[PDB]
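Take a look at the structure set out below.
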Protein chains: 2
Amino acid sequence: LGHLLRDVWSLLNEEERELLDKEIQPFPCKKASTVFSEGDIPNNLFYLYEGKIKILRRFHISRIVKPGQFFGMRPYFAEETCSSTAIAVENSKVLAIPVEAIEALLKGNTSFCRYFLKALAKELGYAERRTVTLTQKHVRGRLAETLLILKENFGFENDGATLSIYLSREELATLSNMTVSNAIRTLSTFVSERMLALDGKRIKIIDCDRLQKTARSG
Amino acid sequence: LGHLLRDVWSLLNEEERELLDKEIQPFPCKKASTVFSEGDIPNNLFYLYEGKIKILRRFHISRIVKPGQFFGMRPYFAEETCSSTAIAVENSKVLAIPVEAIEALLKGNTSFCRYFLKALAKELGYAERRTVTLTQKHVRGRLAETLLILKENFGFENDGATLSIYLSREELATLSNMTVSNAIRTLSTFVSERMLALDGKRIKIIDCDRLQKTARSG
């Protein structure tokens, strides 16, 4: 199963690949189940092969993990407990790598180290950007930004306009630092302005260019 | 000058130490000068030997760097431009390490890699925590939290109560996601409640236990 970790697998030699194949475990992950909980001591790193995982800690959703990313990596490297709970947004295929195996691999392989260095640096860039967005942008900018981030990370359905992720109003509100009332109020306005169209949990972006202007300008 | 980087120097062998000593440069850093600017392409990593550096990008102050920390490391590892401007809060002694030298060292040394892995993971933990604080805590909690963070990172003067950092009201307000009016209003109340005492830019913590309760409870 180690080969499913496409980017990382290419960095490993034959002995390292054997070790990974030996230690990696499938991790059952039904929608709404929890991978780990805030306060937990890290025993594994997790790789999201398929599906979607929300990281949360009012609650705050710090990220929604997309396929091909690692999670639970932060507290391992920081030598801390998990700051957050990880919950599946949909049925997901997760691979667990024991921290002992991770550590052996890191010790022998600077390329493997540098992969995680980039991953953490990227996450930190996103995190610091998000702080500015959430504290400084007004309701319209915050929600538009959230929607464009989901567009970027999860993409569109076959129609090329409907977001391929189906968050509750509560998740969308929390993600964008607003009340559900404000979220539904703002979505309503975005439909009135013909930037979006709504159908249950389905959000269709009908004017992306203008939505982007709203994210940036207000 | 490489030996001044105490933690890192201990991880390096003789050849690596020679390379570091050869490539490291002193970097003049007067109060109010800028080390690098938002949008800059990384040419060096910077190590704060002595002094204090604010990282900023309304402006947002993402951190105040303390002695013994690296900065400008994020965009190097992420392969991005600088997201922020770094400005000295006081006369500082900064050491610059060319990214070419950094890269050679990382390639040969997993311990060196793992040092930065921990540093980035720590920073990410602080960043994600700060997002929750700044978006969810009320004015009293936010400012108390800010003050306790400065206490932790910069400590006390000889009196064991006066913070050893002397930020403007504007810096303190920005750091804590409030208007200067709200900051000065809240400081005024903290003095009325005998948690603080104020003397220009000097902030004296006279009831730390209660300040901590205020940070946590409101």
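Here's how to read the names in the structure tokens: chain A, B, ... by the order shown, residue numbers from 1 in each chain, ligand numbers from 1 in the order shown.
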Which residues of chain A have any atom within 9 Å of an atom in chain B when counting only C-alpha atoms, and what is the closest pair of atoms for each, with the distance in Å to one decimal? Order the rows by chain and rising number and write it as a tab-separated table.
```
residue	atom	partner	partner_atom	distance
A:57	CA	B:132	CA	8.8
A:58	CA	B:136	CA	7.8
A:59	CA	B:132	CA	8.8
A:60	CA	B:132	CA	6.7
A:62	CA	B:128	CA	6.9
A:73	CA	B:121	CA	8.4
A:74	CA	B:121	CA	5.2
A:75	CA	B:121	CA	7.1
A:76	CA	B:121	CA	8.4
A:77	CA	B:118	CA	5.0
A:78	CA	B:118	CA	4.8
A:79	CA	B:118	CA	7.6
A:80	CA	B:122	CA	8.8
A:83	CA	B:125	CA	7.6
A:106	CA	B:110	CA	6.8
A:107	CA	B:110	CA	5.7
A:108	CA	B:110	CA	7.0
A:109	CA	B:110	CA	6.7
A:110	CA	B:110	CA	5.2
A:111	CA	B:107	CA	7.4
A:113	CA	B:113	CA	6.1
A:114	CA	B:113	CA	6.9
A:116	CA	B:117	CA	7.3
A:117	CA	B:117	CA	5.6
A:118	CA	B:78	CA	4.8
A:119	CA	B:78	CA	7.3
A:120	CA	B:120	CA	6.3
A:121	CA	B:78	CA	4.9
A:122	CA	B:78	CA	5.2
A:123	CA	B:124	CA	7.4
A:124	CA	B:124	CA	5.2
A:125	CA	B:74	CA	7.4
A:127	CA	B:128	CA	6.3
A:128	CA	B:127	CA	6.3
A:129	CA	B:83	CA	8.4
A:130	CA	B:131	CA	7.8
A:131	CA	B:131	CA	5.3
A:132	CA	B:60	CA	6.7
A:134	CA	B:135	CA	6.9
A:135	CA	B:135	CA	6.0
A:136	CA	B:58	CA	7.8
A:177	CA	B:135	CA	7.0
```
Write out as a PyMOL selection string each polymer residue whose atoms come within 7 Å of residue 140 (chain B), counting only C-alpha atoms; drop sequence neighbours fewer than 3 positions from it. chain B and resi 143-144+186+214+218
Pull the strand (DSSP E or B) assignments for chain A out of DSSP run on the backbone, and list those residues as a ChimeraX atom specification. /A:25-29,34-36,44-50,53-56,61-65,70-71,85-88,92-98,156,162-163,196-199,202-205
Tell me which protein, DNA and RNA residues are within 7 Å of region 145-149 of chain B, counting only C-alpha atoms, leaving out same-chain ones fewer than 3 positions away, and put them as number ranges by chain. B: 141-142, 152-153, 176, 215
Emit the selected residues as a PDB file, in the first residue's frame, including N, CA and C atoms.
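Everything below was put into again_38.pdb:
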```
ATOM      1  N   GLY B 141     -10.116  39.134  26.643  1.00  0.00           N
ATOM      2  CA  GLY B 141      -9.378  37.881  26.495  1.00  0.00           C
ATOM      3  C   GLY B 141      -8.229  38.009  25.507  1.00  0.00           C
ATOM      4  N   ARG B 142      -8.514  38.619  24.361  1.00  0.00           N
ATOM      5  CA  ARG B 142      -7.503  38.844  23.317  1.00  0.00           C
ATOM      6  C   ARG B 142      -6.298  39.643  23.827  1.00  0.00           C
ATOM      7  N   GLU B 152       5.744  35.506  28.075  1.00  0.00           N
ATOM      8  CA  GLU B 152       6.396  34.230  27.806  1.00  0.00           C
ATOM      9  C   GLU B 152       7.630  34.385  26.910  1.00  0.00           C
ATOM     10  N   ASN B 153       7.516  35.154  25.827  1.00  0.00           N
ATOM     11  CA  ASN B 153       8.570  35.245  24.818  1.00  0.00           C
ATOM     12  C   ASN B 153       9.704  36.196  25.167  1.00  0.00           C
ATOM     13  N   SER B 176      -3.322  42.111  18.733  1.00  0.00           N
ATOM     14  CA  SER B 176      -4.449  41.550  19.453  1.00  0.00           C
ATOM     15  C   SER B 176      -5.804  41.712  18.735  1.00  0.00           C
ATOM     16  N   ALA B 215      -7.384  36.017  30.313  1.00  0.00           N
ATOM     17  CA  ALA B 215      -7.035  35.464  29.000  1.00  0.00           C
ATOM     18  C   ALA B 215      -7.895  34.250  28.675  1.00  0.00           C
TER      19      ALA B 215
END
```
May I have the residues within 12 Å of residue 1 (chain A) as a PyMOL selection string, using only C-alpha atoms and disregarding those fewer than 5 positions away in the same chain? chain A and resi 6+9+17-27+47+49+93-97
With chain B held fixed, move chain A onto it by a least-squares fit of all C-alpha atoms in order and give the output as a PDB file with C-alpha atoms, in the first residue's frame.
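Wrote it out as out.pdb, contents follow:
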```
ATOM      1  CA  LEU A   1      30.052  33.314  13.620  1.00  0.00           C
ATOM      2  CA  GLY A   2      28.356  29.952  12.956  1.00  0.00           C
ATOM      3  CA  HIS A   3      28.787  28.863  16.579  1.00  0.00           C
ATOM      4  CA  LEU A   4      26.398  31.653  17.670  1.00  0.00           C
ATOM      5  CA  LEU A   5      23.604  29.483  16.239  1.00  0.00           C
ATOM      6  CA  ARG A   6      23.841  27.276  19.362  1.00  0.00           C
ATOM      7  CA  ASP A   7      21.185  24.590  18.646  1.00  0.00           C
ATOM      8  CA  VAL A   8      22.068  24.140  14.971  1.00  0.00           C
ATOM      9  CA  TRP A   9      25.875  24.255  15.408  1.00  0.00           C
ATOM     10  CA  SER A  10      25.734  21.161  17.655  1.00  0.00           C
ATOM     11  CA  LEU A  11      24.083  19.203  14.785  1.00  0.00           C
ATOM     12  CA  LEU A  12      26.870  19.920  12.316  1.00  0.00           C
ATOM     13  CA  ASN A  13      30.072  17.957  11.698  1.00  0.00           C
ATOM     14  CA  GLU A  14      33.428  19.572  10.922  1.00  0.00           C
ATOM     15  CA  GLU A  15      32.912  20.001   7.176  1.00  0.00           C
ATOM     16  CA  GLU A  16      29.386  21.412   7.671  1.00  0.00           C
ATOM     17  CA  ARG A  17      30.617  23.825  10.363  1.00  0.00           C
ATOM     18  CA  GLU A  18      33.337  25.072   7.956  1.00  0.00           C
ATOM     19  CA  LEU A  19      30.725  25.689   5.268  1.00  0.00           C
ATOM     20  CA  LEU A  20      28.452  27.545   7.703  1.00  0.00           C
ATOM     21  CA  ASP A  21      31.340  29.656   9.039  1.00  0.00           C
ATOM     22  CA  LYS A  22      32.318  30.453   5.421  1.00  0.00           C
ATOM     23  CA  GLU A  23      28.842  31.474   4.210  1.00  0.00           C
ATOM     24  CA  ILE A  24      27.231  33.173   7.245  1.00  0.00           C
ATOM     25  CA  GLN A  25      27.155  37.025   7.173  1.00  0.00           C
ATOM     26  CA  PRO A  26      26.409  39.679   9.837  1.00  0.00           C
ATOM     27  CA  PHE A  27      23.301  41.658   8.837  1.00  0.00           C
ATOM     28  CA  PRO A  28      23.064  45.277  10.112  1.00  0.00           C
ATOM     29  CA  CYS A  29      19.724  45.767  11.821  1.00  0.00           C
ATOM     30  CA  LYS A  30      18.859  49.177  13.372  1.00  0.00           C
ATOM     31  CA  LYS A  31      15.459  49.711  15.036  1.00  0.00           C
ATOM     32  CA  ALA A  32      12.838  50.399  12.344  1.00  0.00           C
ATOM     33  CA  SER A  33      14.988  49.021   9.473  1.00  0.00           C
ATOM     34  CA  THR A  34      13.642  46.204   7.257  1.00  0.00           C
ATOM     35  CA  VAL A  35      15.286  42.845   6.878  1.00  0.00           C
ATOM     36  CA  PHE A  36      13.100  41.856   3.915  1.00  0.00           C
ATOM     37  CA  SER A  37       9.805  42.935   2.388  1.00  0.00           C
ATOM     38  CA  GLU A  38       6.555  41.239   1.453  1.00  0.00           C
ATOM     39  CA  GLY A  39       6.933  40.029  -2.167  1.00  0.00           C
ATOM     40  CA  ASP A  40      10.711  39.582  -1.907  1.00  0.00           C
ATOM     41  CA  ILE A  41      12.350  36.489  -3.344  1.00  0.00           C
ATOM     42  CA  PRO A  42      14.262  34.640  -0.564  1.00  0.00           C
ATOM     43  CA  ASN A  43      18.062  34.933  -0.860  1.00  0.00           C
ATOM     44  CA  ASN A  44      18.890  34.202   2.786  1.00  0.00           C
ATOM     45  CA  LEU A  45      17.592  32.602   5.959  1.00  0.00           C
ATOM     46  CA  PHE A  46      17.920  34.885   8.958  1.00  0.00           C
ATOM     47  CA  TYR A  47      18.805  34.034  12.531  1.00  0.00           C
ATOM     48  CA  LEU A  48      17.933  36.489  15.305  1.00  0.00           C
ATOM     49  CA  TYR A  49      20.987  36.509  17.564  1.00  0.00           C
ATOM     50  CA  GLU A  50      19.965  39.519  19.693  1.00  0.00           C
ATOM     51  CA  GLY A  51      17.025  41.910  19.578  1.00  0.00           C
ATOM     52  CA  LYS A  52      13.428  41.725  18.327  1.00  0.00           C
ATOM     53  CA  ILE A  53      11.871  41.558  14.815  1.00  0.00           C
ATOM     54  CA  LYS A  54       8.194  42.114  13.989  1.00  0.00           C
ATOM     55  CA  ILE A  55       6.747  40.180  11.040  1.00  0.00           C
ATOM     56  CA  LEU A  56       3.943  42.079   9.344  1.00  0.00           C
ATOM     57  CA  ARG A  57       1.800  42.115   6.223  1.00  0.00           C
ATOM     58  CA  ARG A  58      -4.925  47.566   8.205  1.00  0.00           C
ATOM     59  CA  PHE A  59      -1.640  45.779   8.838  1.00  0.00           C
ATOM     60  CA  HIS A  60      -1.379  42.406  10.575  1.00  0.00           C
ATOM     61  CA  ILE A  61       1.521  41.457  12.824  1.00  0.00           C
ATOM     62  CA  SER A  62       1.844  37.712  12.503  1.00  0.00           C
ATOM     63  CA  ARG A  63       4.634  37.358  15.119  1.00  0.00           C
ATOM     64  CA  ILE A  64       7.413  39.091  17.049  1.00  0.00           C
ATOM     65  CA  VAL A  65      10.565  36.998  16.651  1.00  0.00           C
ATOM     66  CA  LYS A  66      12.694  36.391  19.812  1.00  0.00           C
ATOM     67  CA  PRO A  67      16.435  35.704  20.084  1.00  0.00           C
ATOM     68  CA  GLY A  68      17.504  32.203  19.076  1.00  0.00           C
ATOM     69  CA  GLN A  69      14.819  31.847  16.348  1.00  0.00           C
ATOM     70  CA  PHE A  70      15.070  31.732  12.542  1.00  0.00           C
ATOM     71  CA  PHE A  71      12.902  33.925  10.293  1.00  0.00           C
ATOM     72  CA  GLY A  72      12.446  34.178   6.535  1.00  0.00           C
ATOM     73  CA  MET A  73      12.608  30.346   6.669  1.00  0.00           C
ATOM     74  CA  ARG A  74       8.935  29.754   5.699  1.00  0.00           C
ATOM     75  CA  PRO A  75       9.059  31.090   2.126  1.00  0.00           C
ATOM     76  CA  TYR A  76      12.333  29.274   1.442  1.00  0.00           C
ATOM     77  CA  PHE A  77      10.844  25.876   2.415  1.00  0.00           C
ATOM     78  CA  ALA A  78       7.456  26.619   0.782  1.00  0.00           C
ATOM     79  CA  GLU A  79       9.150  27.818  -2.436  1.00  0.00           C
ATOM     80  CA  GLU A  80       7.250  31.091  -2.385  1.00  0.00           C
ATOM     81  CA  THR A  81       7.925  34.822  -2.142  1.00  0.00           C
ATOM     82  CA  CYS A  82       7.960  36.450   1.333  1.00  0.00           C
ATOM     83  CA  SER A  83       4.356  36.820   2.542  1.00  0.00           C
ATOM     84  CA  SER A  84       5.438  39.465   5.061  1.00  0.00           C
ATOM     85  CA  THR A  85       7.841  42.352   5.825  1.00  0.00           C
ATOM     86  CA  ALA A  86      10.314  41.914   8.696  1.00  0.00           C
ATOM     87  CA  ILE A  87      11.097  45.112  10.666  1.00  0.00           C
ATOM     88  CA  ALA A  88      13.370  45.501  13.717  1.00  0.00           C
ATOM     89  CA  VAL A  89      11.519  46.541  16.931  1.00  0.00           C
ATOM     90  CA  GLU A  90      14.916  47.390  18.472  1.00  0.00           C
ATOM     91  CA  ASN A  91      18.566  47.406  17.330  1.00  0.00           C
ATOM     92  CA  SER A  92      19.150  43.733  16.535  1.00  0.00           C
ATOM     93  CA  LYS A  93      22.049  41.444  15.669  1.00  0.00           C
ATOM     94  CA  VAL A  94      20.921  39.284  12.746  1.00  0.00           C
ATOM     95  CA  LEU A  95      22.902  36.545  10.993  1.00  0.00           C
ATOM     96  CA  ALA A  96      22.187  35.838   7.290  1.00  0.00           C
ATOM     97  CA  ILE A  97      22.692  32.378   5.787  1.00  0.00           C
ATOM     98  CA  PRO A  98      22.500  32.176   1.945  1.00  0.00           C
ATOM     99  CA  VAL A  99      19.804  29.722   0.751  1.00  0.00           C
ATOM    100  CA  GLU A 100      22.493  27.904  -1.307  1.00  0.00           C
ATOM    101  CA  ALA A 101      24.427  27.179   1.906  1.00  0.00           C
ATOM    102  CA  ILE A 102      21.184  26.191   3.706  1.00  0.00           C
ATOM    103  CA  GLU A 103      20.298  23.777   0.898  1.00  0.00           C
ATOM    104  CA  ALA A 104      23.730  22.068   0.911  1.00  0.00           C
ATOM    105  CA  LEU A 105      23.478  21.588   4.667  1.00  0.00           C
ATOM    106  CA  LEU A 106      19.920  20.171   4.508  1.00  0.00           C
ATOM    107  CA  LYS A 107      20.902  17.713   1.727  1.00  0.00           C
ATOM    108  CA  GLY A 108      23.593  16.076   3.852  1.00  0.00           C
ATOM    109  CA  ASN A 109      22.104  16.205   7.329  1.00  0.00           C
ATOM    110  CA  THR A 110      18.728  14.785   8.491  1.00  0.00           C
ATOM    111  CA  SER A 111      19.262  16.252  12.020  1.00  0.00           C
ATOM    112  CA  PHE A 112      19.507  19.726  10.457  1.00  0.00           C
ATOM    113  CA  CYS A 113      16.307  18.983   8.483  1.00  0.00           C
ATOM    114  CA  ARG A 114      14.514  17.763  11.603  1.00  0.00           C
ATOM    115  CA  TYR A 115      15.461  20.896  13.549  1.00  0.00           C
ATOM    116  CA  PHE A 116      13.535  22.989  10.979  1.00  0.00           C
ATOM    117  CA  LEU A 117      10.686  20.463  10.845  1.00  0.00           C
ATOM    118  CA  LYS A 118      10.134  21.014  14.572  1.00  0.00           C
ATOM    119  CA  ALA A 119      10.520  24.798  14.232  1.00  0.00           C
ATOM    120  CA  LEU A 120       7.909  24.970  11.456  1.00  0.00           C
ATOM    121  CA  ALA A 121       5.530  22.616  13.261  1.00  0.00           C
ATOM    122  CA  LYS A 122       5.770  24.769  16.415  1.00  0.00           C
ATOM    123  CA  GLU A 123       5.074  27.945  14.383  1.00  0.00           C
ATOM    124  CA  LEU A 124       2.085  26.286  12.718  1.00  0.00           C
ATOM    125  CA  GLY A 125       0.732  25.272  16.160  1.00  0.00           C
ATOM    126  CA  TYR A 126       1.066  28.890  17.370  1.00  0.00           C
ATOM    127  CA  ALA A 127      -0.504  30.259  14.181  1.00  0.00           C
ATOM    128  CA  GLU A 128      -3.596  28.009  14.264  1.00  0.00           C
ATOM    129  CA  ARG A 129      -4.084  28.729  18.005  1.00  0.00           C
ATOM    130  CA  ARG A 130      -3.822  32.472  17.324  1.00  0.00           C
ATOM    131  CA  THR A 131      -6.562  32.288  14.672  1.00  0.00           C
ATOM    132  CA  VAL A 132      -8.978  30.879  17.299  1.00  0.00           C
ATOM    133  CA  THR A 133      -7.943  33.518  19.862  1.00  0.00           C
ATOM    134  CA  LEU A 134      -8.243  36.454  17.482  1.00  0.00           C
ATOM    135  CA  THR A 135     -11.584  35.421  15.920  1.00  0.00           C
ATOM    136  CA  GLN A 136     -13.399  34.097  18.997  1.00  0.00           C
ATOM    137  CA  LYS A 137     -12.160  35.745  22.184  1.00  0.00           C
ATOM    138  CA  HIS A 138     -13.607  39.037  23.347  1.00  0.00           C
ATOM    139  CA  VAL A 139     -11.530  42.229  23.736  1.00  0.00           C
ATOM    140  CA  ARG A 140     -10.438  41.455  27.307  1.00  0.00           C
ATOM    141  CA  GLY A 141      -9.378  37.881  26.495  1.00  0.00           C
ATOM    142  CA  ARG A 142      -7.503  38.844  23.317  1.00  0.00           C
ATOM    143  CA  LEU A 143      -5.453  41.591  24.986  1.00  0.00           C
ATOM    144  CA  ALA A 144      -4.696  39.514  28.107  1.00  0.00           C
ATOM    145  CA  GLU A 145      -3.601  36.660  25.837  1.00  0.00           C
ATOM    146  CA  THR A 146      -1.310  39.016  23.851  1.00  0.00           C
ATOM    147  CA  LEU A 147       0.285  40.346  27.071  1.00  0.00           C
ATOM    148  CA  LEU A 148       0.879  36.803  28.435  1.00  0.00           C
ATOM    149  CA  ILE A 149       2.480  35.795  25.101  1.00  0.00           C
ATOM    150  CA  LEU A 150       4.886  38.764  25.358  1.00  0.00           C
ATOM    151  CA  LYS A 151       5.584  37.752  28.979  1.00  0.00           C
ATOM    152  CA  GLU A 152       6.396  34.230  27.806  1.00  0.00           C
ATOM    153  CA  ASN A 153       8.570  35.245  24.818  1.00  0.00           C
ATOM    154  CA  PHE A 154      10.374  38.298  26.245  1.00  0.00           C
ATOM    155  CA  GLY A 155      10.073  37.985  30.028  1.00  0.00           C
ATOM    156  CA  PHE A 156      10.424  40.611  32.756  1.00  0.00           C
ATOM    157  CA  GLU A 157      12.821  43.416  33.692  1.00  0.00           C
ATOM    158  CA  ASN A 158      14.760  43.277  37.001  1.00  0.00           C
ATOM    159  CA  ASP A 159      11.577  44.118  38.938  1.00  0.00           C
ATOM    160  CA  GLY A 160      10.119  40.797  37.799  1.00  0.00           C
ATOM    161  CA  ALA A 161       6.845  42.430  36.715  1.00  0.00           C
ATOM    162  CA  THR A 162       7.539  44.940  33.918  1.00  0.00           C
ATOM    163  CA  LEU A 163       7.477  43.389  30.435  1.00  0.00           C
ATOM    164  CA  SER A 164      10.888  43.570  28.672  1.00  0.00           C
ATOM    165  CA  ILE A 165       9.297  44.621  25.392  1.00  0.00           C
ATOM    166  CA  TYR A 166       8.023  48.131  24.691  1.00  0.00           C
ATOM    167  CA  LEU A 167       5.498  48.050  21.856  1.00  0.00           C
ATOM    168  CA  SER A 168       3.475  51.067  20.763  1.00  0.00           C
ATOM    169  CA  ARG A 169      -0.273  51.050  21.422  1.00  0.00           C
ATOM    170  CA  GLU A 170      -0.684  50.494  17.673  1.00  0.00           C
ATOM    171  CA  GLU A 171       1.500  47.383  17.708  1.00  0.00           C
ATOM    172  CA  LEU A 172      -0.296  46.021  20.781  1.00  0.00           C
ATOM    173  CA  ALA A 173      -3.692  46.713  19.181  1.00  0.00           C
ATOM    174  CA  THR A 174      -2.755  45.129  15.825  1.00  0.00           C
ATOM    175  CA  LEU A 175      -1.211  42.074  17.530  1.00  0.00           C
ATOM    176  CA  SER A 176      -4.449  41.550  19.453  1.00  0.00           C
ATOM    177  CA  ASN A 177      -6.941  42.221  16.600  1.00  0.00           C
ATOM    178  CA  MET A 178      -8.472  45.422  17.996  1.00  0.00           C
ATOM    179  CA  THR A 179      -8.607  49.167  17.441  1.00  0.00           C
ATOM    180  CA  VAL A 180      -6.125  51.320  19.350  1.00  0.00           C
ATOM    181  CA  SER A 181      -9.215  52.858  21.050  1.00  0.00           C
ATOM    182  CA  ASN A 182     -10.264  49.437  22.261  1.00  0.00           C
ATOM    183  CA  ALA A 183      -6.704  48.593  23.349  1.00  0.00           C
ATOM    184  CA  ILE A 184      -6.275  51.776  25.384  1.00  0.00           C
ATOM    185  CA  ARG A 185      -9.817  51.381  26.722  1.00  0.00           C
ATOM    186  CA  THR A 186      -9.030  47.777  27.803  1.00  0.00           C
ATOM    187  CA  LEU A 187      -5.609  48.660  29.289  1.00  0.00           C
ATOM    188  CA  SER A 188      -7.322  51.455  31.273  1.00  0.00           C
ATOM    189  CA  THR A 189      -9.764  48.863  32.698  1.00  0.00           C
ATOM    190  CA  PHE A 190      -6.947  46.411  33.471  1.00  0.00           C
ATOM    191  CA  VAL A 191      -5.257  49.188  35.539  1.00  0.00           C
ATOM    192  CA  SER A 192      -8.591  50.043  37.265  1.00  0.00           C
ATOM    193  CA  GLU A 193      -8.847  46.347  38.178  1.00  0.00           C
ATOM    194  CA  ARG A 194      -5.243  46.350  39.461  1.00  0.00           C
ATOM    195  CA  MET A 195      -4.058  43.653  37.018  1.00  0.00           C
ATOM    196  CA  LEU A 196      -1.619  46.065  35.357  1.00  0.00           C
ATOM    197  CA  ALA A 197       0.217  49.334  35.942  1.00  0.00           C
ATOM    198  CA  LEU A 198       1.231  51.581  33.020  1.00  0.00           C
ATOM    199  CA  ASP A 199       4.123  54.024  32.542  1.00  0.00           C
ATOM    200  CA  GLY A 200       4.523  55.139  28.927  1.00  0.00           C
ATOM    201  CA  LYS A 201       5.281  52.057  26.824  1.00  0.00           C
ATOM    202  CA  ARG A 202       6.083  50.178  30.053  1.00  0.00           C
ATOM    203  CA  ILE A 203       3.478  47.581  31.036  1.00  0.00           C
ATOM    204  CA  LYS A 204       3.799  46.075  34.504  1.00  0.00           C
ATOM    205  CA  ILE A 205       1.919  42.879  35.313  1.00  0.00           C
ATOM    206  CA  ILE A 206       0.878  43.116  38.971  1.00  0.00           C
ATOM    207  CA  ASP A 207      -1.602  40.236  39.020  1.00  0.00           C
ATOM    208  CA  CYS A 208      -0.453  37.533  36.632  1.00  0.00           C
ATOM    209  CA  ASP A 209      -2.766  34.800  38.014  1.00  0.00           C
ATOM    210  CA  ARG A 210      -5.831  36.949  37.376  1.00  0.00           C
ATOM    211  CA  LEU A 211      -4.523  38.165  34.003  1.00  0.00           C
ATOM    212  CA  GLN A 212      -4.272  34.469  33.021  1.00  0.00           C
ATOM    213  CA  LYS A 213      -7.859  33.905  34.186  1.00  0.00           C
ATOM    214  CA  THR A 214      -8.898  36.889  32.021  1.00  0.00           C
ATOM    215  CA  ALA A 215      -7.035  35.464  29.000  1.00  0.00           C
ATOM    216  CA  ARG A 216      -8.825  32.136  29.469  1.00  0.00           C
ATOM    217  CA  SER A 217     -12.256  33.079  30.837  1.00  0.00           C
ATOM    218  CA  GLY A 218     -12.754  36.605  29.453  1.00  0.00           C
TER     219      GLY A 218
END
```
Run DSSP on the backbone of this structure and report the residues of region 9-168 of chain B it assigns to helix (DSSP H, G or I), as a VMD selection string. chain B and resid 9 14 to 23 73 to 78 99 to 108 110 to 136 139 to 154
